[PDB]
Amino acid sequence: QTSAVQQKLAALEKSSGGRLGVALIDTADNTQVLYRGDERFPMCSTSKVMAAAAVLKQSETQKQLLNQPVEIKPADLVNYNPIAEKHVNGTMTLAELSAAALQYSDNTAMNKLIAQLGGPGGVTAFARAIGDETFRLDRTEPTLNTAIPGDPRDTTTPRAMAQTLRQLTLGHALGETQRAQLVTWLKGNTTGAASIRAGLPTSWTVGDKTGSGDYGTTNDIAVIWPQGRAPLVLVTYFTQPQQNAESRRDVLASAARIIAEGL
């Protein structure tokens, strides 16, 4: 059975030619609205939230960890390094790496966060520690974005990611200073204007992280503060049948617009 919200999302999915996954958590009453909410999707750069959060967790018991400089060598650069390239033969602190990963989607910065955690399994291990039993990070940048249909590597479900994003930003999976820091980072994202944000009332505050990959995978995860009512968490994942499909950030905007109706 489906609600009119789900029917609208199914129609958007049909017209787009792809596979759409949505999870909304309304924290006023802890209801969820799901569309393919227990199906796996490739996370692409939305996984940078879990990596940054895992480093924030480490910093709860190593007070200055975020301010630790990390060397950036020429060989560390991968395919998209808008911030790290400025620091080759220099340094970036773990805070600077987290900001670059989250707010610019810098892939060298993500690889440094993964290294800090001991490899992709360190990110997964943090997920498990905060009760996310679904997330898995298998690979580093850039290969975590291959997004092959049905491949479980580097995937999660919309429901799981919404539950976790809620725990990280509105709950207490992180300590007080750390939660606030994650929210500050997410709110300042520079890559999200065409995705969830484009579908929401303009007076709302939004923290988000986008992702993009092969198979035209186009993703966004967000914490949202509507005007006058309790915050929301919204996950929108989208992927397509052909390897070289174009991005479809508008699909995510349209999913957000649908979900916002009646909110």
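Just count from 1 along the sequence shown to find any residue number.
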- Which of the two stretches, 48-56 or 199-207, shows the higher mean Cα temperature factor in the record? 199-207
- Task: Would you mind comparing 23-31 and 66-74 for me and telling me which has the higher average C-alpha temperature factor in the entry?
- Result: 23-31
- Between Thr155, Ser105, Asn89, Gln178, which carries the biggest CA temperature factor in the record? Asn89
- Message: Out of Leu165, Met110, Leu144, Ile83, whose C-alpha atom has the biggest B factor in the entry?
- Response: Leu144
- Task: Would you mind ranking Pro149 by its C-alpha B-factor against the rest of the chain and naming the third, lowest, middle or highest?
- Result: highest
- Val251 - which third its CA temperature factor falls in, relative to the rest of the chain: middle
- Item | Third of the chain's Cα B-factor distribution that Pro120 belongs to, per the entry | highest
- Where the record places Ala193 (Cα B-factor, split into thirds across the chain): highest
- CA B-factor ranking of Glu133, expressed as a third of its chain: highest
